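Report on the following structure.
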Amino acid sequence: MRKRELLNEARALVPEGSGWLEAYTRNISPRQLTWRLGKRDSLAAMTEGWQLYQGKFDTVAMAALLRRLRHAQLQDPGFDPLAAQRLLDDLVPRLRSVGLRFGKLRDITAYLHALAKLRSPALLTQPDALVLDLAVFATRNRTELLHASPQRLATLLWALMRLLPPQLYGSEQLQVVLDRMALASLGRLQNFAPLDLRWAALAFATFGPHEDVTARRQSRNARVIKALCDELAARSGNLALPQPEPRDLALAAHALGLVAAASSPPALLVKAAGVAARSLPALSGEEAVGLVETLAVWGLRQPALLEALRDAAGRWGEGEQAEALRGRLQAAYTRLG
Amino acid sequence: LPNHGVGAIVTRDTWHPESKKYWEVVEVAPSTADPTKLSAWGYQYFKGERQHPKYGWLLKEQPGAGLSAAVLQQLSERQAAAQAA
Amino acid sequence: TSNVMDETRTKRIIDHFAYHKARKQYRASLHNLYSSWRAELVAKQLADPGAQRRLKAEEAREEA
Amino acid sequence: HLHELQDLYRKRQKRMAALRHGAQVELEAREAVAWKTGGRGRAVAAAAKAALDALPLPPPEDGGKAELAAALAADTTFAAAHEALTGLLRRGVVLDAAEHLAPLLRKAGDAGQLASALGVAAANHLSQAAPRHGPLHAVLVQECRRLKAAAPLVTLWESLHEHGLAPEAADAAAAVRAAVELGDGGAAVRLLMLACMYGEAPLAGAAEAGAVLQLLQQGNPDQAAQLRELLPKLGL
Amino acid sequence: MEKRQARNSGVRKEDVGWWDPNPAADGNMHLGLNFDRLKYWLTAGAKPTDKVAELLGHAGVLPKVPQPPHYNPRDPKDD
RNA sequence: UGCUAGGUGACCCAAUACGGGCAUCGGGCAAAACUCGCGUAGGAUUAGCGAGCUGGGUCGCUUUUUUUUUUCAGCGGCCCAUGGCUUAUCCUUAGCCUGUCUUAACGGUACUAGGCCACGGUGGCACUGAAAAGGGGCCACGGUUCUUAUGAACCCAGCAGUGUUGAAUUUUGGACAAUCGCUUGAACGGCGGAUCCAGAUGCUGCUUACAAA
Numbered sequence: 001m002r003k004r005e006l007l008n009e010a011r012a013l014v015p016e017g018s019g020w021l022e023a024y025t026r027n028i029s030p031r032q033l034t035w036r037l038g039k040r041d042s043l044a045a046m047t048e049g050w051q052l053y054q055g056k057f058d059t060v061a062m063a064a065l066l067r068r069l070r071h072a073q074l075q076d077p078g079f080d081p082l083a084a085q086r087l088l089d090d091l092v093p094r095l096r097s098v099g100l101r102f103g104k105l106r107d108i109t110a111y112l113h114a115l116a117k118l119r120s121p122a141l142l143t144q145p146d147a148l149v150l151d152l153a154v155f156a157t158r159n160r161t162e163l164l165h166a167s168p169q170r171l172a173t174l175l176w177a178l179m180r181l182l183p184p185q186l187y188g189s190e191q192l193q194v195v196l197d198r199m200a201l202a203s204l205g206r207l208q209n210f211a212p213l214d215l216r217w218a219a220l221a222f223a224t225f226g227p228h280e281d282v283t284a285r286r287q288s289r290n291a292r293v294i295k296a297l298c299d300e301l302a303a304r305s306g307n308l309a310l311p312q313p314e315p316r317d318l319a320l321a322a323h324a325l326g327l328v329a330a331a332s333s341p342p343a344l345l346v347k348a349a350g351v352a353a354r355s356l357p358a359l360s361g362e363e364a365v366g367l368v369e370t371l372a373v374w375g376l377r378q379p380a381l382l383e384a385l386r387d388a389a390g391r392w393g394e395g396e397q398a399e400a401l402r403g404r405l406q407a408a409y410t411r412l413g
Numbered sequence: 022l023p024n025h026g027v028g029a030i031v032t033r034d035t036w037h038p039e040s041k042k043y044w045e046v047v048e049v050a051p052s053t054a055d056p057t058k059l060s061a062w063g064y065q066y067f068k069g070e071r072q073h074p084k085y086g087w088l089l090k091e092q093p094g095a096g097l098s099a100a101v102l103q104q105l106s107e108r109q110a111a112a113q114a115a
Numbered sequence: 034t035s036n037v038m039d040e041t042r043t044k045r046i047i048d049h050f051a052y053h054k055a056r057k058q059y060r061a062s063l064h065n066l067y068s069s070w071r072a073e074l075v076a077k078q079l080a081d082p083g084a085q086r087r088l089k090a091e092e093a094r095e096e097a
Numbered sequence: 271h272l273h274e275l276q277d278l279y280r281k282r283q284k285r286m287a288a289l290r291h292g293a294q295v296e297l298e299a300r301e302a303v304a305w306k307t308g309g310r311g312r313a314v315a316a317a318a319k320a321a322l323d324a325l326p327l328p329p330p331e332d333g334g335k336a337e338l339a340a341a342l343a344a345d346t347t348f349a350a351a352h353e354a355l356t357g358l359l360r361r362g363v364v365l366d367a368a369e370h371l372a373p374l375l376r377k378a379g380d381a382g383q384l385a386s387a388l389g390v391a392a393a394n395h396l397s398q399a400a408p409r410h411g412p413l414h415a416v417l418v419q420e421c422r423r424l425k426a427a428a429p430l431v432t433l434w435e436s437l438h439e440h441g442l443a444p445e446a447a448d449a450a451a452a453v454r455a456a457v458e459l460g461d462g463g464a465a466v467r468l469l470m471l472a473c474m475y476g477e478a479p480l481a482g483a484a485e486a487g488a489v490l491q492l493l494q495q496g497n498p499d500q501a502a503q504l505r506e507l508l509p510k511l512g513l
Numbered sequence: 001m002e003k004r005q006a007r008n009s010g011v012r013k014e015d016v017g018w019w020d021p022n023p024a025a026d027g028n029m030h031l032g033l034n035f036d037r038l039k040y041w042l043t044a045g046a047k048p049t050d051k052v053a054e055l056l057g058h059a060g061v062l063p064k065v066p067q068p069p070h071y072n073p074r075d076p077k078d079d
């Protein structure tokens, strides 16, 4: 009988064009909220849901909200980036009041994936202090990090690779996160997906080389790259397990070239040469070009790979980014003769 | 009735006595809400070396001034004299 | 499994541990043998399929 | 780690306060739905057990020292004082050995009452380590000469031998002495054994063991012959 | 034949194998499995039970399994 | 979601030296559950469908979780477009298909084993479980017994066995040894009226005089 009082409480927050107000309950579960945000397509509807239900959102609701923001970014035509940015600013104090007091590693990783998903190509930003503090708060306890999934940890790494400016790779909180995650993942190396190893290699290459404790951190990320890159090298060719994608081995090879260029002949480059030179048109060009830069910095010459990439080098057209690919591949070709 | 006993060394009667197996009980993190299930955090020593940094718990010596080992051996001879009466 | 003795229960614990032992090395050889079998299975149906021959048969039918 | 030791009593003070008012508000709720659905039959399961969870009566904010004064009152008999004191041992209060337990054991009148007071004292040192053995031993030697019991003294030495609690060699001297004026030399030689068993030196037995051998010469010379054999087996 | 079905039901499994435990004049056991789907099912995590594991080990296409941890007098007259 | 193998353990048990349970992760293949394309007994002495009888919008339809990309339904509430079917509805028969028998074949019709569904004396409903109840939970019915009558107990379409009807229907058997299942880390462990062995009993294939080595 108190539906009209409930409706007046709904009217006091959101204007009268919303379908949420008939649907409104005070005693909602977060499960239904994750589905109800999963049912909308327009940024007006998530705004309606936010001013109705700011009080009941835990971290899963924020993660589904950011995915729905990306969904509206690619499907709602009337997108305003300014309204999205002020709403994204409104998302902050709810996180600092709740999710930084009750965030398990699953929820926080899901949010950081959602925010990096928003910043993905097919510019919206959050403060980086919240991103680092979410990173240290999700990993503050060792035990749940021991029971974490490889998909979770490499997803967290891809989030930290996409969200952060390059000046903040030397921040100590990222290094504390990398300390915890290396101390977890080096025991369960063999539970890893090769895609998860690809993102682990890329993120430790991105964050690694950025007084005794810091050089020890660089040496520890050196042992992480050498063991993990040999884990991918063992996982390539061993046909008994799922064969890693040549894109992933190529991009982890580029990570090896990045950490070799920053810190200054593994089997990984040889097997990467094989999986590229058998399957070039499945490879995008720029990852292979970065692998040619890795061949440059190692000084090794992979013959059928380089003639195959010569054939790939002819097969591009003329135009700005494509001519930049041709130019840098020609430059690394002259670097290798 | 409780466990507390921080840092004791005992053995189990079923354990082979020259195999040198004995605990350093770390702490007690108990349930006093539930009285049958208990946990005894342990630095177990086996063959002298530490493994990890029911009925039948058997009371060995407690070194540290207390009741020392060779002192226990002399006094065990004097217990044998006590049943000798 | 045993309690409060030291004569011939060591034999029982010895056979106990050796039985579970040799079961575990059986289990390891079991791994290596099935993994080898999966290696030739995906070696065979990664060796020939996906080739241009299916396109040759298709282009022969379509030229007909 | 060690803060979980302080926080177990801290959080458990919170948890027992929590269980008291939570159990009380459900106990006052099931009585409202007692007569409507015949709810007394399963309601008395709660009305007994949820009160009688780990400690029903609370640890007093005073410490219950006035209730101790009601318990150590010299008009109150030994059984009512004993049940009040054991109920306050179940309430987890650390007690003074001389202020409370010594008037209790002066209120003890027979040997089983002394042994019950020793069980109270052992639980008291159990809660105390959760230790003060000297003046309890002195006033119990006073109760030994008052009320002619020797085996509670050996029971005290065994009760402190079980967990490793060591009284004084002067306490051992008074114990062997009270065994000499009381006159049970079997208890005296077991006292001498238990006083040896802590690693303590054997009590300078040229006087005390001489008094024991004097008692056992006048009483029965066979166990005296056994004693003269056992005397160098301690080294005396 | 998963855990659900009985011994004689209609099963998605193709073969428990050409099998004849009866001794036959010499080389007394049967011809063994037909093949190429046995390795697929045992590859796919379908379990063996105890004696098919013994028979597969005994045929030598799999290694054998030690059965006895201890000895107590078995009664042979139960039948 | 469920199994099996791996890898992990600030855990528990076993260990004159090392393996199990227990928690979590992920590789393998897998079930499950839904959807639609068609098939399907006769009856005009069933001719309109007493109905949301179909569709569109709006919600409710109890989770985010790897890169460019990802998540049913009238099922209920509301409007609404007024249509949807016309062997439509309604009746009564009937588990369905492969089978088996026959026919030369097409067909026509009681079984074998086994595929799937349904049901558990009748009817309604829920817990838990990923999924629901043949000796699990609650209520009402109908039976069967007993009460000092107030009320409780039980439900063989499980096996044997009893009784009616019938022309006719079997032993109140043995056993976990073989499977196969459930379970347990000793123990050729525990259990299974599944099954395997024996009985009675139609059909069949197959022997049969004794003596003596």
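Chains as they are written, first to last, in the authors' numbering: chain P, 1 to 122, 141 to 228, 280 to 333, 341 to 413; chain z, 22 to 74, 84 to 115; chain w, 34 to 97; chain O, 271 to 400, 408 to 513; chain p, 1 to 79. Quick reminder that beta carbons are idealized off the backbone N, C-alpha and C, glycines included.
Taking the CA atoms as reference points, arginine 467 of chain O sits about 29 Å from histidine 370 of chain O.
In the displayed model, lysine 47 of chain p falls within coil according to three-state DSSP, outside both helix and strand.
Look at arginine 290 of chain O: its C-beta is not under 8 Å from any C-beta on chain z. The continuous beta strand (DSSP E) containing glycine 63 of chain z extends over residues 61 to 67. A distance below 8 Å separates the beta carbons of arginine 180 of chain P and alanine 116 of chain P. Boundaries of the beta strand (DSSP E) harbouring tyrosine 43 of chain z: 42 to 49, taken from the DSSP string.
Put simply, the CB of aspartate 48 of chain w is far from chain z, with every gap to its CB atoms at 8 Å or more. In this structure, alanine 378 of chain O sits near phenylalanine 348 of chain O, with a CB-CB distance shorter than 8 Å.
If you look at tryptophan 305 of chain O, you'll find it isn't in any alpha helix (DSSP H); DSSP assigns it neither H nor E.
Per DSSP, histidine 271 of chain O lies in no alpha helix (DSSP H) segment and is marked neither H nor E. Rounded to whole angstroms, the gap between the alpha carbons of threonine 224 of chain P and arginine 402 of chain P is 25 Å. Uninterrupted alpha helix (DSSP H) stretches at least 4 residues long and entirely within the stretch 276 to 335 of chain O occur at 310 to 319, given in chain order.
In this structure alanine 211 of chain P is not in contact with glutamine 144 of chain P, their Cβ atoms being roughly 28 Å apart against a cut-off of 8 Å. Per DSSP, the continuous alpha helix (DSSP H) segment holding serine 68 of chain w begins and ends at 42 to 80.
Residues of chain z whose Cβ lies closer than 7 Å to the Cβ of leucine 492 of chain O do not exist; the shortest such Cβ separation is about 17 Å. Contact annotation for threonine 53 of chain z against chain O: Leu278, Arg282 and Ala324 [CB-CB distance below 8 Å, chain order]. The straight-line gap separating the alpha-carbon atoms of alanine 61 of chain P and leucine 74 of chain P is approximately 20 Å.
DSSP, reduced to helix, strand and coil, places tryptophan 36 of chain z outside both helices and strands of the structure shown, so it counts as coil. Contact between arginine 108 of chain z and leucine 375 of chain O is ruled out by a C-beta separation of about 30 Å, above the 8 Å threshold. The three-state reading of DSSP puts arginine 74 of chain p in coil, since its state is none of H, G, I, E or B. Collapsing the DSSP output to three states places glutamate 394 of chain P in coil. For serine 68 of chain w, the neighbours in chain P by C-beta distance under 7 Å run, in chain order, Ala309. Contact annotation: in the stretch 43 to 54 of chain p, residues whose CB is within less than 7 Å of a CB in chain w are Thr43.
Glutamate 70 of chain z sits in a strand when the DSSP states are folded into three classes. DSSP places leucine 471 of chain O in the uninterrupted alpha helix (DSSP H) bounded by 462 to 473.
Leaving aside the five residues that flank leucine 88 of chain P on each side, the residues in its chain whose CB is nearer than 7 Å to its CB run, in chain order, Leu142 and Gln144. In summary, the residues of the stretch 28 to 58 of chain z whose CB is separated from some CB of chain O by less than 7 Å are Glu48, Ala50 and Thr53, in the order they occur in the chain.
DSSP, read as helix, strand or coil, puts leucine 91 of chain P in helix. Between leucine 381 of chain P and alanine 343 of chain P a beta carbon distance of about 14 Å is seen, past the 8 Å cut, so the two are scored as non-contacting. Scanning P:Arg26, P:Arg101, P:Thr283 and P:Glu399 for the CA closest to the CA of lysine 56 of chain P turns up P:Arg26.
Each residue's CA atom was taken as its position, placing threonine 157 of chain P and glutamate 190 of chain P some 14 Å apart. About 6 Å separates the CB atoms of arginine 282 of chain O and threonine 53 of chain z; that is less than 8 Å, so the two are in contact. Within the DSSP bridge table, the entry for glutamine 92 of chain z names z:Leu97 as partners. Between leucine 148 of chain P and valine 92 of chain P a beta carbon distance of about 6 Å is seen, short of the 8 Å cut, so the two are scored as contacting. In terms of beta-carbon proximity, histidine 70 of chain p lines the interface with chain w, with at least one pair separated by less than 8 Å. For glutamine 398 of chain O, the enclosing alpha helix (DSSP H) covers residues 381 to 398.
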